[PDB]
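Asks: Just dropping this structure here.
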Amino acid sequence: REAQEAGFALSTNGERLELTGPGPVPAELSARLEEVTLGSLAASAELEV
Amino acid sequence: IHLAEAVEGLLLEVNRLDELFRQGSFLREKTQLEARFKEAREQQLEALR
Amino acid sequence: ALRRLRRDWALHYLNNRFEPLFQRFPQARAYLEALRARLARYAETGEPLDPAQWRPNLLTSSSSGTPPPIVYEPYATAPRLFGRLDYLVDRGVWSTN
């Protein structure tokens, strides 16, 4: 919802994923994307523990 | 013994360092860095073009 | 440059964690500084820190001095007197921490 509000489509291909849209992604939402994917990985780790 | 427990906490601080690298501020800084380097790359490439 | 950013952000974060420990253990300043440097190195490079290689070996147990530490070693050999440096074998290679 925070990405599509900027007109960017969140393309997913697994736990890692990118964005599809016009022009390069600004820093804030790209940071959010890589933040949430790192958080998902570490969250699976803490899930297993 | 106090030194031992303190150094045990410091050793456990590896997870704190890892979770610092998923935080908003550090990741925003990293994305700004890579974005400025990238845009330098595209400006050089378009000058060549 | 991103490795430098990771290292200096880690150092900035660990300053607040080591300064109270610096005050608490001024005599351990060298060890704490070395450990902070190792943590920064792990933060930037990503090399997994070995807890067995950075855990201070508490050879002595804090004694009140009354009674004072009295050790009797009738079977006084060099490993039993000076202490032996133990080793571990991985892939047939001697190693220690």
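Residue numbers (our numbering), protein chains in the order written: chain A, 1 to 49; chain B, 101 to 149; chain C, 201 to 297. From the three backbone atoms N, C-alpha and C, an ideal C-beta is built for every residue, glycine too.
#1: Closest Cβ-Cβ distance between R116/B and chain E: below 8 Å?
#2: Please state whether the Cβ-Cβ distance between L239/C and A210/C is less than 8 Å.
#3: Given 7 Å as the limit, tell me if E134/B has its C-beta closer than that to any heavy atom belonging to the ligand NAD.
#4: Per DSSP, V293/C is paired with what?
#5: If you draw a straight line from the C-alpha of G7/A to the C-alpha of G21/A, how long is it?
#6: Can the beta-carbon of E28/A be found closer than 8 Å to that of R128/B?
#7: Spell out whether any CB of chain B is found under 8 Å from the CB atom of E5/A.
#8: Can you confirm whether the stretch 134 to 141 of chain B touches the stretch 266 to 285 of chain C when touching is taken to mean that 3 or more C-beta pairs between the two stretches lie within less than 8 Å?
#9: Would you kindly work out how many angstroms separate the C-alpha atoms of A228/C and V107/B, rounded to a whole number?
Replies: Let me spell this out:
#1: This model lacks chain E altogether, as its protein chains are A, B and C.
#2: To locate residue 239/C, count along the third sequence from 1; it is residue 39. To locate residue 210/C, count along the third sequence from 1; it is residue 10. Contact annotation: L239/C and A210/C have beta-carbon atoms nearer than 8 Å.
#3: Absent from the structure shown: the ligand NAD. Ligands present: none.
#4: For the purposes of this step, residue 293/C is identified with residue 93 of the third sequence, where counting begins at 1. Its beta-bridge partners are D290/C.
#5: Within the first sequence, the letter at position 7 stands for residue 7/A. Within the first sequence, the letter at position 21 stands for residue 21/A. Using only the alpha carbons, I get a separation of about 7 Å.
#6: One-based indexing of the first sequence puts residue 28/A at position 28. One-based indexing of the second sequence puts residue 128/B at position 28. For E28/A and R128/B, yes; Cβs fall inside 8 Å.
#7: Working through the first sequence from its first residue, we reach residue 5/A at position 5. No, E5/A lies away from the interface with chain B (no Cβ there is under 8 Å from its Cβ).
#8: At 8 Å Cβ cutoff, the stretches do not touch.
#9: The residue given as residue 228/C occupies position 28 in the third sequence. The residue given as residue 107/B occupies position 7 in the second sequence. Within the model, the alpha-carbon separation for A228/C versus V107/B is close to 11 Å.
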